[PDB]
């Protein structure tokens, strides 16, 4: 439509002139007031996908950190995405690091950030997710759309687990899945939770808290899980790419022993030095330059877990081609972030088109057939 096209001009303009986090908040606001366009197209039934009994109408969603506070869930989903991951949230509100903390290099289609864990806190965000869930009962276009919640610990909290336990109790009833990220380069001490021993501990503790939600309520699943699945939320974990081969296999074991529901590969990276505008900057890099690193990480973990744990792709996905690399590498689902920044609101419509056409030309019957074909 012209709707998309006109908006994308405004965005390209904003991208050139205006600060990144200012732009982000501006368009989140436009989405909050529901003046963004819709993709009302039927999605190809041949590009369906799932992770266990969690079904996605199409294989593209938005990654955590994009709508941290769940203020814009409807509008973003209606751009053509099958799901969104809100957060990362923490039990208490944070301001995050000092601004500016997000910068973009257009030529390389990359971003670096040191947001450091800004969100309105779990309590307020739960009210936002509840309001959405109420809207979802009335909106034809939100049916079968999935909302995951990314959860993490406040800055100065001694134990991670006590933070996540609070988050699950408050918001776990409204979530279709829970993403645990011990993968973030913006707060010190988070990533050491990636050891196998502490991880196993965290993962178990999360499943037990979710399982406890079921036990302590007296209602049936219909009137207990105020989400889309109407079941208890799945448990994913998100991994940073800056690990060595021993760490990755050590972790790979854990995820199996815990029987986790999926792994999100990957988060941002600190190991990129060839971006000129970014040399002054600290933080984690995302976008195109993260693409090849990310994909490799999927192949590794796909092999190390011996293909029992489903994978969710994140890192430099812009095109239907990029998407297929992640799928053949072993991903069931893809998440976009940087693409929305650089390609705009058309990204979902566009990338779904490109992938559908490729699946044809590559002779795939459906998307599931292509999963892990390396």
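So that the term is clear: the rigid core is the largest set of C-alpha atoms that superpose within 1.5 Å between two forms. Residue numbers count along the first chain shown, from 1.
Asker: Consider 356 to 364 and 9 to 17 separately and indicate which one has Cα atoms farther, on average, from the shown form in 9 other deposited structures of this protein after rigid core alignment.
Answerer: Relative to the shown form, the greater RMS C-alpha distance in 9 other deposited structures of this protein belongs to 9 to 17.
Asker: Figure out for me whether 131 to 139 or 292 to 300 is the more displaced stretch in 9 other deposited structures of this protein, taking RMS C-alpha distance from the shown form once the rigid core is superposed.
Answerer: This comes out as 131 to 139, the stretch further from the shown form in 9 other deposited structures of this protein.
Asker: Mean CA temperature factor from the deposited coordinates, higher in 350 to 358 or in 14 to 22?
Answerer: The deposited B-factors put 350 to 358 ahead on the C-alpha mean.
Asker: Look up the CA B-factors in the entry and say which stretch, 76 to 84 or 123 to 131, has the higher mean.
Answerer: Mean B over CA atoms: larger for 123 to 131.
Asker: Using only the C-alpha B-factors in the record, can you name which of 308, 42, 69, 50 has the highest?
Answerer: The listed residue with the largest C-alpha B-factor is 308.
Asker: Which listed residue, 169, 94, 212, 295, has the largest C-alpha temperature factor in the record?
Answerer: It is 295.
Asker: Sort the modelled residues of this chain by their C-alpha B factor and say whether residue 248 lands in the lowest, middle or highest third.
Answerer: Highest third - that is where residue 248 ends up once the chain's C-alpha B-factors are sorted.
Asker: Splitting the chain's C-alpha B-factors into thirds, which one does residue 275 fall into?
Answerer: It belongs to the highest third of the chain when residues are ordered by C-alpha B-factor.
Asker: Select lowest, middle or highest to describe the third in which the CA B-factor of residue 208 falls within its chain in this entry.
Answerer: Tercile = middle for this residue's CA B-factor.
Asker: For the chain shown, is the CA B-factor of residue 231 in the lowest, middle or highest third of its modelled residues?
Answerer: Middle third - that is where residue 231 ends up once the chain's C-alpha B-factors are sorted.
Asker: Mind checking which third residue 223 falls in for C-alpha B-factor across the chain?
Answerer: Middle third by C-alpha B-factor.
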